[PDB]
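Asks: fold the stuff below for me.
(3 chains)
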Amino acid sequence: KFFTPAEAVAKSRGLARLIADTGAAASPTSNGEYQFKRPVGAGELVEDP
Amino acid sequence: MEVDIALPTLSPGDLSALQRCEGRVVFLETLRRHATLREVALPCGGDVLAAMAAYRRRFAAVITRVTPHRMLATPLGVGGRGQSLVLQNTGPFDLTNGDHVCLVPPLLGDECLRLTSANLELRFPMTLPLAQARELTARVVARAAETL
Amino acid sequence: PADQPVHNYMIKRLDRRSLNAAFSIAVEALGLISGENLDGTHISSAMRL
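Replies: Residues are numbered from 1 along each chain as shown, chains lettered A, B, ... in the order given. See the structure here:
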């Protein structure tokens, strides 16, 4: 999530969007015995400042 | 059994285009009764050989109705051999009465109902008669054998 | 400089979901409730109840 600039293509016309979305981001990992990539289809709510 | 595919909220610019896909086939991975649209979806066109190898590992499903919330389907063959349904043709050659049909990945790409709101695209496989699908597979596999 | 009063309209689109819960019942009860698998005894009704 640091080196990818595609969020800039998802241009920002409001700080409130950045706020209200930081608190409802999609969980990108799984619940297995190791940290694995998650199928983006299901979606799980995770907050990350 | 009737597979139920749920839909996210959609812009009217693409919901009306999805309505027109009432007789095409999609490829789930597991036969649960419910499944989200995001699950049943394939990346944009590439490596028709790989895709044709992937259709073997999953069982098909044809869709019948498209409501503003819900989109049904029908698992093609798991226990039935006479469930008469309707599916639309999308291959170049017109298929006549009598003969069987086989699913083949699309050529040249360009068949992608690219949905922007949901940020995904679908590639429905084309339907060809047996006699020509055999020949197409022959050509592609021979060409693969050309490259050592 | 002075500033005119400002107006602005706006619209929000709905969000739609759904629920589900299965209710499976058995074939023996199906046959005993209606009477397709009934019997003329005193033991049958004891099981239909």
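
Asks: helices of the chain, start to end?
Replies: As the question left the chain open, I've gone with chain A. All helices of chain A, identified by DSSP state H, fall at A:6-9, A:15-21.

Asks: switch to chain C, that's the one I care about
Replies: According to DSSP H, the helices that chain C contains are C:27-34, C:43-48.

Asks: check the offset of the longest one from the chain's centre.
Replies: So that's helix C:27-34. Computed by Cα atoms, centre = their mean, to the nearest Å, the chain-centroid distance of helix C:27-34 equals 22 Å.

Asks: just stretch B:10-21 next, same as before
Replies: Per Cα atoms, centre = their mean, the displacement of stretch B:10-21 from the mean C-alpha position of its chain is 17 Å.

Asks: just to revisit the earlier point, highest average neighbour count across the helices of chain A?
Replies: helix A:15-21 (a mean of 10; mean count of other Cβ atoms under 10 Å in any protein chain shown). Placement of C-beta: from N, CA and C, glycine included.

Asks: pull the residues that contact that one.
Replies: residue A:12 (Cβ atoms under 8 Å, 6 or more residues apart in numbering or on different chains).

Asks: which of the three states applies to residue B:110?
Replies: At residue B:110 the chain is in coil, as set by DSSP: H, G, I helix; E, B strand; the rest coil.

Asks: for chain B, what lies in contact range of chain A?
Replies: B:36, B:38, B:39, B:41 (Cβ under 8 Å from any Cβ of the partner chain).

Asks: if we use 10 Å, what do you get?
Replies: Within chain B, the positions near chain A by Cβ under 10 Å from any Cβ of the partner chain are B:35, B:36, B:37, B:38, B:39, B:40, B:41, B:119, B:120.

Asks: now the residues you listed in TSV, with secondary structure?
Replies: Below are these laid out as TSV (three-state DSSP):
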residue	secondary structure
B:35	strand
B:36	strand
B:37	coil
B:38	coil
B:39	coil
B:40	coil
B:41	coil
B:119	coil
B:120	strand
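
Asks: which of those are buried? Put it as a ChimeraX command.
Replies: Per 16 or more other Cβ atoms under 10 Å in any protein chain shown, the buried members of the residues of chain B next to chain A correspond to this ChimeraX selection:
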select /B:35,36,37,38,40,41,120
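
Asks: how about the helices of chain C in TSV, adding distance to chain B and mean neighbour count?
Replies: Shown next, in TSV, are these (distance: least, Cβ to the nearest Cβ, whole Å; neighbours: other Cβ atoms under 10 Å in any protein chain shown):
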stretch	distance to chain B	mean neighbour count
helix C:27-34	17	12
helix C:43-48	30	11
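
Asks: do you know how far residue A:36 is from residue A:5?
Replies: 25 Å (Cβ to Cβ, to the nearest Å).
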